[PDB]
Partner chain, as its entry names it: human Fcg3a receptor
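Just the one chain here, laid out as C-alpha cells, in the form solved without its partner chain.
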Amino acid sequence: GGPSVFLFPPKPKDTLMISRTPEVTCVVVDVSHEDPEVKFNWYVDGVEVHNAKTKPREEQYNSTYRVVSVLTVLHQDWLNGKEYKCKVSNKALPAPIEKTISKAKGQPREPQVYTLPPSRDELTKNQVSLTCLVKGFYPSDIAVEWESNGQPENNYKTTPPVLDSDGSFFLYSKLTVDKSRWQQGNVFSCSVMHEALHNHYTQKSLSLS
C-alpha cells in the first residue's frame, strides 16, 4: 500500500441554502518524499472541469505529506445528482487513484414535522423539554434548529436520523427551556432544512396551549 485518497461531501446545510457555497474535498495521504508530486483531475459526470483550487502540499509528523483539492459545487448540480470524480496521479503508484461521490441517491420523500409539548409530569419541574418530531424523510441529510420570538435557542439536542420500517428516516429534536418561558406563553419554533421541502425549509412553532 502507497498513498490513499478520500473524497468528502459538502455539509448538508451548505447544500440546502443558496447563499452558501458547497464544495467537495479530495484528500491524498501517504504521499512519499522521493516521488512526491501529485496531479488532481476533476470530472462532473465524466466531463473534466478546471475550477478546483488545490492547496499547498504539506508535511506530516510521520513520513508523509498531504494535499487537499477543493472543488466548488453548484447547488443545483449537487441536488440534481451530478457525480463528482477526483482522479489522483503519482509515479509512486501503478495507476492513478479514482474516487467518486454524489448526493445520497433514492427517491426523495418530504419530512412531516410535528411539535409536541411537555408531558404533564415534566411540568413538575424547573425545566421542560420541547419536542420536534421529523419523520418520513429521505435521504437522511437534514438539519434542525430551534428559535424563539426571533432568536436561536441554543440549549437543544437532536438525535441522528433512524431508519424507519417503511425505508424513510425520522428523528427527534429536544429543546429544553425554563418552565417559566413555557408558561409566559413564549413562541418556540422548530425549523427544518431538507431537500424535499419547498425551498428546502419549513418551520413549525410551539406555544403553551
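Residue numbers count along the first chain shown, from 1.
A.B. asks: Out of 67 to 75 and 120 to 128, which one has CA B-factors that are higher on average in the deposited record?
C.D. replies: Comparing averages over the C-alpha atoms only gives 120 to 128.
A.B. asks: Return whichever of 152 to 160 and 58 to 66 has the greater mean Cα B factor according to the PDB record.
C.D. replies: Per the deposited B-factors, the answer is 58 to 66.
A.B. asks: Select one of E145, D166, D30, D141: the residue whose C-alpha shows the highest B-factor in the crystal structure entry.
C.D. replies: Of the options given, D30 has the highest CA B-factor in the PDB entry.
A.B. asks: Among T115, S102, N80, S89, which residue carries the highest C-alpha B-factor recorded in the PDB entry?
C.D. replies: Largest recorded C-alpha B-factor: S89.
A.B. asks: Name the third of the chain's ranked CA B-factors that contains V44, choosing lowest, middle or highest.
C.D. replies: Tercile = middle for this residue's CA B-factor.
A.B. asks: Looking at the entry's B-factor column for C-alpha atoms only, identify whether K179 ranks in the lowest, middle or highest third of its chain.
C.D. replies: As the PDB entry reports it, the C-alpha B-factor of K179 lands in the highest third of its chain.
A.B. asks: If you rank every modelled residue in this chain by C-alpha B factor, which third holds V38: lowest, middle or highest?
C.D. replies: Answer is highest: the recorded C-alpha B-factor places it there.
A.B. asks: Ranking the modelled residues of this chain by C-alpha B-factor as given in the entry, is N186 in the lowest, middle or highest third?
C.D. replies: For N186, whose C-alpha B-factor we compare with every modelled residue in the chain, the answer is the highest third.
Same protein, other form: the form solved in complex with its partner chain, not shown, and the subject of what follows.
A.B. asks: Should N51 be classed as touching its partner chain in the deposited complex when contacts are defined as heavy atoms within 4.5 Å?
C.D. replies: The answer is no: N51 has no heavy atom within 4.5 Å of its partner chain.
A.B. asks: Judged by heavy atom distances of 4.5 Å or less, which residues of 49 to 65 approach its partner chain in the deposited complex?
C.D. replies: Contacts from 49 to 65: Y61, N62, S63, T64.
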